[PDB]
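Q: The structure that follows is given in the form of C-alpha cells.
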Amino acid sequence: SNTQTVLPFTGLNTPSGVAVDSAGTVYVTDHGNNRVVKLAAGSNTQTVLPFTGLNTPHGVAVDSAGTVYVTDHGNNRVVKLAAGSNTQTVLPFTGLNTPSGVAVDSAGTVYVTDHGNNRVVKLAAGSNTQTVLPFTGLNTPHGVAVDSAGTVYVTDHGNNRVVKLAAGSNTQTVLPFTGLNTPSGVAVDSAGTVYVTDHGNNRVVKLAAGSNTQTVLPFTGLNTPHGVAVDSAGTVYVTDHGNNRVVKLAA
Ligand SMILES: [Cu+2]
Ligand SMILES: [Cu+2]
Ligand SMILES: [Cu+2]
C-alpha cells in the first residue's frame with residue numbers, strides 16, 4: 001500500500017520494541033518512560049500494562065495465550081505477564097547484560113538477545129536454566145524473531161548482518177541482506193519474508209521470500225526505526241525513535 005497510519009499512542013519517549021497479537025492488539029515498549037503500552041484493535045485509547053518495577057524496556061513479545069514478555073534493561077531481566085494478571089513473573093535467565101529483544105515460539109520457549117554478552121539465550125517452558133544458541137562470531141545482537149518452524153532470526157549490530165538457526169541445527173545461516181548499517185529489529189512473516197529495521201540508514205528493508213529481492217518499504221518521515229512487527233495480513237508496524245511514534249503500512 002501507499003498509506004501509513006500513525007497509531008494513537010501518546011507520550012512516547014524512545015519507543016523501542018513493538019509486537020502485534022493475533023487479535024491485532026499492538027504492544028510497544030516505551031524505553032524512556034519505563035512502561036509498556038497497548039492498543040486494542042480499533043481502540044482510541046492506550047493502556048499501560050501493570051509491570052511492577054519496570055525500567056527501560058527494550059523488547060516485547062506476545063504468545064497465543066496472550067502472555068506478554070518484556071526485556072528490562074535497567075534491571076537486566078526479562079518479565080512476563082499473563083493475560084488479565086497484575087503479577088508478573090521474572091523469568092529465570094541469569095547474567096544478562098542489556099537484554100535487547102525477546103521472542104516466544106509455539107512451545108513457549110523464550111529467546112532473548114543478550115546484547116552486552118554477544119549471545120542469544122533460550123529458556124524452555126518450565127525450565128530454570130537457559131542455554132546459549134550456537135551463533136558463531138555473533139556480536140551485539142539486537143533483535144530476535146522465531147517463525148512457526150522454530151527457526152530463530154537475529155540481527156547483529158557489530159557485523160551489520162542478520163543470521164538464523166533452524167531448530168536442531170548447528171550451522172547458522174547468514175541471510176542475503178546487503179548494505180545494512182545497525183540492523184535493529186527483525187520480523188518474519190509465515191511466507192518467510194524477513195523485515196529488518198536498518199537504523200543507521202533510516203529505513204525498513206524487506207527480503208522477499210524465495211526471490212531474495214531486497215526492497216525498501218515506503219515508510220515516510222522516519223527518524224531512525226527501531227522495532228518492527230508484521231501481522232498475518234502482511235501489515236508492517238515500526239517504531240520511529242526520533243519522532244516518538246509507531247506507524248503501520250499495509251502490504
Ligand atoms: Cu536501555
Ligand atoms: Cu548494538
Ligand atoms: Cu534510534
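If you're wondering about the labels, chains in the C-alpha cells are A, B, ... by order shown, residues count from 1 in each chain, ligands from 1 in order shown.
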If you count only C-alpha atoms, which residues fall within 7 Å of residue 14 in chain A, apart from same-chain ones fewer than 5 positions away, as a count of residues only?
A: 5
Q: Which residues are close to residue 225 in chain A, i.e. within 6 Å by only C-alpha atoms, leaving aside same-chain residues fewer than 4 positions away? Reply as a ChimeraX atom specification.
A: /A:197,199,239-241
Q: Write out as CSV a residue-level contact list of range 55-119 of chain A versus range 43-51 of chain A with cut-off 12 Å: for each qualifying residue the closest pair of atoms and the distance in Å to one decimal, counting only C-alpha atoms, rows sorted by chain and residue number upward.
A:
```
residue,atom,partner,partner_atom,distance
A:55,CA,A:51,CA,9.6
A:56,CA,A:51,CA,11.9
A:57,CA,A:51,CA,10.5
A:60,CA,A:49,CA,11.8
A:67,CA,A:49,CA,11.4
A:68,CA,A:49,CA,9.2
A:69,CA,A:51,CA,10.3
A:70,CA,A:51,CA,9.2
A:71,CA,A:51,CA,11.2
A:72,CA,A:51,CA,10.4
A:78,CA,A:51,CA,11.1
A:79,CA,A:51,CA,8.1
A:80,CA,A:51,CA,8.3
A:81,CA,A:51,CA,7.4
A:82,CA,A:50,CA,10.7
A:83,CA,A:49,CA,10.1
A:84,CA,A:49,CA,9.9
A:85,CA,A:50,CA,8.3
A:86,CA,A:50,CA,5.8
A:87,CA,A:51,CA,7.4
A:88,CA,A:51,CA,6.3
A:89,CA,A:51,CA,9.4
A:90,CA,A:51,CA,10.4
```
Q: Could you give me, as a Markdown table, every chain A residue with an atom at most 10 Å from ligand 2, plus its closest atom pair and distance in Å to one decimal, counting only C-alpha atoms and all ligand atoms, rows ordered by chain then number?
A:
```
| residue | atom | partner | partner_atom_place_in_ligand_line | distance |
| --- | --- | --- | --- | --- |
| A:98 | CA | ligand 2 | 1 (Cu) | 9.5 |
| A:100 | CA | ligand 2 | 1 (Cu) | 8.8 |
| A:115 | CA | ligand 2 | 1 (Cu) | 6.5 |
| A:116 | CA | ligand 2 | 1 (Cu) | 8.1 |
| A:118 | CA | ligand 2 | 1 (Cu) | 9.4 |
| A:139 | CA | ligand 2 | 1 (Cu) | 8.1 |
| A:140 | CA | ligand 2 | 1 (Cu) | 4.9 |
| A:141 | CA | ligand 2 | 1 (Cu) | 6.4 |
| A:142 | CA | ligand 2 | 1 (Cu) | 6.1 |
| A:143 | CA | ligand 2 | 1 (Cu) | 9.7 |
| A:155 | CA | ligand 2 | 1 (Cu) | 9.4 |
| A:156 | CA | ligand 2 | 1 (Cu) | 7.5 |
| A:157 | CA | ligand 2 | 1 (Cu) | 4.8 |
| A:158 | CA | ligand 2 | 1 (Cu) | 6.6 |
| A:159 | CA | ligand 2 | 1 (Cu) | 9.8 |
| A:160 | CA | ligand 2 | 1 (Cu) | 9.7 |
| A:182 | CA | ligand 2 | 1 (Cu) | 7.2 |
| A:183 | CA | ligand 2 | 1 (Cu) | 8.7 |
| A:184 | CA | ligand 2 | 1 (Cu) | 7.8 |
```
Q: Do you have the CA of residue 54 in chain A-CA of residue 187 in chain A distance handy?
A: 24.5 Å
Q: From range 85-209 of chain A, collect each residue whose DSSP state is strand (DSSP E or B) and return the set as number ranges by chain.
A: A: 89-90, 99-104, 110-114, 119-123, 131-132, 141-146, 152-156, 161-165, 173-174, 183-188, 194-198, 203-207
Q: For the contact check between range 24-95 of chain A and range 230-235 of chain A, emit one row per residue of range 24-95 of chain A within 12 Å, containing the shortest atom pair and the distance in Å rounded to one decimal, counting only C-alpha atoms, chain then rising number order, as CSV.
A:
```
residue,atom,partner,partner_atom,distance
A:24,CA,A:231,CA,7.6
A:25,CA,A:231,CA,10.2
A:26,CA,A:231,CA,10.0
```
Q: Suppose you want the space between CA of residue 152 in chain A and CA of residue 245 in chain A; what is it in Å?
A: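 Spanning CA of residue 152 in chain A to CA of residue 245 in chain A is a straight-line distance of 27.4 Å.
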Q: Please determine, counting only C-alpha atoms and all ligand atoms, which residue among A:102, A:222, A:229, A:144 has the shortest atom-to-atom distance to ligand 3.
A: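 Selected residue with least distance to ligand 3: A:222.
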Q: As a VMD selection string, please: the residues near residue 123 in chain A (cut-off 6 Å, only C-alpha atoms, same-chain neighbours under 6 positions excluded).
A: chain A and resid 109 to 110 130
Q: Would you mind exporting the chosen residues as a PDB file, in the first residue's frame, restricted to N, CA, C and O atoms?
A:
```pdb
ATOM      1  N   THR A 109       8.910 -21.669  24.333  1.00  0.00           N
ATOM      2  CA  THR A 109      10.319 -21.380  24.572  1.00  0.00           C
ATOM      3  C   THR A 109      10.549 -19.895  24.319  1.00  0.00           C
ATOM      4  O   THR A 109      10.027 -19.322  23.361  1.00  0.00           O
ATOM      5  N   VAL A 110      11.316 -19.257  25.213  1.00  0.00           N
ATOM      6  CA  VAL A 110      11.611 -17.829  25.179  1.00  0.00           C
ATOM      7  C   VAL A 110      13.063 -17.612  24.758  1.00  0.00           C
ATOM      8  O   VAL A 110      13.973 -18.233  25.311  1.00  0.00           O
ATOM      9  N   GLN A 130      18.823 -21.383  31.324  1.00  0.00           N
ATOM     10  CA  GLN A 130      18.967 -21.037  29.916  1.00  0.00           C
ATOM     11  C   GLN A 130      20.048 -21.886  29.232  1.00  0.00           C
ATOM     12  O   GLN A 130      20.951 -22.443  29.874  1.00  0.00           O
TER      13      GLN A 130
END
```
Q: Distance CA of residue 119 in chain A-CA of residue 95 in chain A, one decimal place?
A: 11.3 Å
Q: Between A:17, A:58, A:52, A:33, which has the minimum distance to ligand 1 (counting only C-alpha atoms and all ligand atoms)?
A: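 Between A:17, A:58, A:52, A:33, the residue approaching ligand 1 most closely is A:58.
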